[PDB]
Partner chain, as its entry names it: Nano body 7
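The chain below stands alone and is given in structure tokens; this is the form deposited without the partner chain.
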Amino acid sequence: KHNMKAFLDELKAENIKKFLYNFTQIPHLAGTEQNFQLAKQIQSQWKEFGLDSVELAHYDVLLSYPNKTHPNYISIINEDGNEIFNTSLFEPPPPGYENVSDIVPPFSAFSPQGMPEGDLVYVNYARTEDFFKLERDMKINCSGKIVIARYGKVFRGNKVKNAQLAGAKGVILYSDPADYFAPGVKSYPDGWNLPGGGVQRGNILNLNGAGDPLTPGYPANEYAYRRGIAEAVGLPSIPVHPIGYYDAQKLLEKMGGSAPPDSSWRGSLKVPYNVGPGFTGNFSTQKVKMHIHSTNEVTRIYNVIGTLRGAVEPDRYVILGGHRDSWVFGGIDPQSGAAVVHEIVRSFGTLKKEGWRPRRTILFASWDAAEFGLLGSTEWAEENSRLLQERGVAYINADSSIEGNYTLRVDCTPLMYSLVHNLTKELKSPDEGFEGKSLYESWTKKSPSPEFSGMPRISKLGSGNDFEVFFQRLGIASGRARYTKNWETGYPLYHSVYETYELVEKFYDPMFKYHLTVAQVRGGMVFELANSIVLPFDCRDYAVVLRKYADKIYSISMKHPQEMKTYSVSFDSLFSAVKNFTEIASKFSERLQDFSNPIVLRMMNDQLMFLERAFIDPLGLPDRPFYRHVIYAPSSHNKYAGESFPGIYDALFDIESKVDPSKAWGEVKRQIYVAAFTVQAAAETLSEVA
């Protein structure tokens, strides 16, 4: 038989290991020859594996690179203009790689050039709440200052956006051991902790889902008309550079001015964590100077797109995609994901060579330039948006398979909750102490649901990964799964040169059993979405969460009862809409269970497929035209986090500070109307069609 169990049994830990080794011997930075060579290799291998067609889809997009002959660095500058301390020009390379060529030194992609000279202010994580604390409580003025911020808690671009708007002329980002050095664990190469010379790379764009900064809305193809740099989307306006904690210590140790307001502002370094501005009396006349010479350059990128044509519904697409580009070796990010995708393609291909085809078409994607702002997946979706929104059933992402070895982590639409629960009950747990038990059992024990007994935690989707354009712009049901760490007690080497094959094989997953379990979850999801007669979506699960989200947004508003009285702010329409969605979903599920008629089936499969699509508003969210999903959007304060009813949430955020409360509460009421209307309209897609 060719059923799911046949597909799953063909997946092998040893193959995943072989592929991971093969993908991580040299750097694969977006836009470089080595990453084009890897694209060609994967294209060739996916053809060998048995896919019907495998093509490269290329685009010419804005990328950013350091200048090879004028390196980026930061200085402490004395009274005379002598540079008395300089940060590192590169991370000490890991053992055995000290002669590998073309390792990109640490930099912040898309930083402008500049050499700003100034006094530091230390801004904790540079979160919006951290800036509120500085300015409103401590009365510290960031205007004209260089801010030094520690990484962690939110996406780094959001930090830079916050720093900009606070008036800063530069940002130094660093990794504090409080956030990236786990107690009792050795630094790389003898454990998985971050050494003092390690540095986290990463882009600092604020694109809000636009993709290539020069071509928002349209693919960056050969005839594309590009915005000028001055009109580009999302580019930072102040120089930015990341450093390690050895170099950060040398910068923080002289900080004067105000004490930290409290212990949540102190990291683990042996420094005062003084907020500034400026250094203590002896060194009051020294300043910090940035030297940033990186250049933005339109560069060709390549996606690999593999097709396994459906036997019955070839015009319905289930997509498994993850990126291929890495900052350096990509040991975890993304090659632990890409190796899993490669073995999934191999397994589907094995079944295909034996005469099997899935019911629906499966598309497999190896995306380029994800590290520079999800550029490869976004340009491809812009090029193919008409096909995807009329044919796209689901998107399963496949970036890093592991970020820890403790338990499963799943983030997905409520439409896939039942599918995930059912699949994980049929898979074996890889965990110690759970041998012979299901993955559902181990996951639920380690990561319990906050609301329900005997259920696991599943998170929302925001951004930060290649599902973003599919889910937040186009409204295609999306999910992701990986193995993760224990939060109760990014990983330390994230985006550093130390993310290697050896890191994974020695410290994360020596037997590749966690990788195998992730391959079974992602591959299993794809198999069920592409083969189940009725799409494996349960609309009643959306109804349950919509009520939770409506309760939660109402509770936020109810912090301001006088204003709700004054401006007549009612959530009655939104609760009515959610109640109607609940009733209609219940009736639809009865019909689905109770309907030989392939027209009624496909009519009902179309109602299932277009249900996620119904939460899209074609006008987008306010000043964010490419975030269109009314229920979820990436948080306006943290791209990594999903926010529910984002339009209403943003209208309420810090509302007590708004200068015209009538207008502000009017906008809250407008967002309640948009949300209530969208929920009711989605509900009505599930009604009998005529």
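Numbering follows the first chain given and starts at 1.
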Unmodelled stretch from the deposited sequence between residue 595 and residue 596, which bin: none, 1 to 3, 4 to 9, 10 or more? 1 to 3
Unmodelled deposited residues flanked by residue 489 on one side and residue 490 on the other: 4 to 9
If you take the mean CA temperature factor per stretch, which one wins between 229 to 237 and 209 to 217? 229 to 237
Averaging C-alpha B-factors over each stretch, which comes out higher, 455 to 463 or 573 to 581? 455 to 463
Whose C-alpha has the highest temperature factor in the PDB entry: 538, 190, 371, 502? 190
Tell me which of 478, 113, 203, 347 tops the list for C-alpha B factor in the record. 113
Sorting the chain's modelled residues by C-alpha B-factor, tell me whether residue 647 ends up in the lowest, middle or highest third. lowest
Of the three thirds of Cα B-factor ranks in this chain, residue 67 occupies the highest
Pull the Cα B-factor of residue 54 out of the PDB entry and bin it into the chain's lowest, middle or highest third. middle
Name the third of the chain's ranked CA B-factors that contains residue 506, choosing lowest, middle or highest. middle
Comparing residue 334 with the other modelled residues of its chain, is its CA B-factor in the lowest, middle or highest third? lowest
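Quick note: we don't show the form solved in complex with the partner chain, though the next part is all about it.
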Contact with the partner chain in the deposited complex, heavy atom within 4.5 Å, among 450, 436, 355, 184 goes to 450
97, 507, 554, 132 - the one with a heavy atom within 4.5 Å of the partner chain in the deposited complex: 554
Could you tell me which stretch in 405 to 413, 108 to 116, 556 to 564, 338 to 346 has residues with non-hydrogen atoms within 4.5 Å of the partner chain in the deposited complex? 556 to 564
So in the deposited complex, is the partner chain close enough to residue 656 to count as touching (4.5 Å, heavy atoms)? yes
In the deposited complex, residue 578 touching the partner chain (heavy atom, 4.5 Å): yes
Interface membership of residue 547, the partner chain in the deposited complex, 4.5 Å heavy atom rule: yes
